[PDB]
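Here the structure comes first, spelled out in structure tokens, and everything after it is commentary.
Derivation of every value follows stated rules applied to the coordinates shown; laboratory data play no part. Every residue, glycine among them, receives a Cβ derived from its backbone with ideal geometry; neighbour counts consider all protein chains shown.
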Amino acid sequence: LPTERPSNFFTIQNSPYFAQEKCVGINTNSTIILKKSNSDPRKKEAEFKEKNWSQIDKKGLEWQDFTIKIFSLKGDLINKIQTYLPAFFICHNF
RNA sequence: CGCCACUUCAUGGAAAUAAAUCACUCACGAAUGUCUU
């Protein structure tokens, strides 16, 4: 973990998401750059580059509670949506 | 823990449809109804 990061910046080290593996490494385009630490060999330390953080294709975003608005002039459609909406989100990922 | 990327870049439908297609006014008015030898 680089010990200089924005307060909203967090990492999931081992995840099934294996795209964007170049975001941590050697090249200057990487968001987090690993170089061999001084003194002791191995046990490299990481540096956070905010400029590369901005130009990342995908980010893991978690928000507070947010609203979903469904509009329909058909009352029976809305009431059927109300029954199935809690089940729909439980059964699906996005 | 180390190392490492490929793939995909628009199809289907609608392509004009109805309303009004000339309306009103003037449709001849005035002079001459014989004149001069």
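Assorted remarks:
- For the stretch A:45-94, residues that are of a type in the set (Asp, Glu) and surrounded by fewer than 10 Cβ atoms within 10 Å (Cβ to Cβ) total 4.
- Matching residues, the stretch A:32-53, being farther than 13 Å from A:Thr3 by Cα and more than 15 Å from RNA strand B (Cβ to nearest atom): A:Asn38, A:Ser39, A:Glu50, A:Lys51, A:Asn52, A:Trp53
- Selection within the stretch A:21-31 - surrounded by 13 or more Cβ atoms within 10 Å (Cβ to Cβ), within 14 Å of RNA strand B (Cβ to nearest atom) and part of a loop (DSSP other than H, G, I, E, B): A:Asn29, A:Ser30
- Subset tally (residues that are within 24 Å of A:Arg5 (Cα to Cα) and among the aliphatic types (A, V, I, L, M)) for the stretch A:54-85: 2
- A:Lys43 vs. criteria in contact with a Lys or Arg (Cβ under 6 Å, 6 or more places away or on another chain) and either without any contact (Cβ under 8 Å) to a residue 12 or more places away in the chain or aliphatic (A, V, I, L, M) (or both): no
- Test: residue in the stretch A:75-92 that is in contact with a strand residue (DSSP E or B) (Cβ under 7 Å, 6 or more places away or on another chain) and hydrophobic (A, V, I, L, M, F, W, C): no
- Of all the criteria given as (1) within 16 Å of the chain's Cα centre (by Cα); (2) outside any loop (DSSP other than H, G, I, E, B), the one not satisfied by A:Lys58 is (2).
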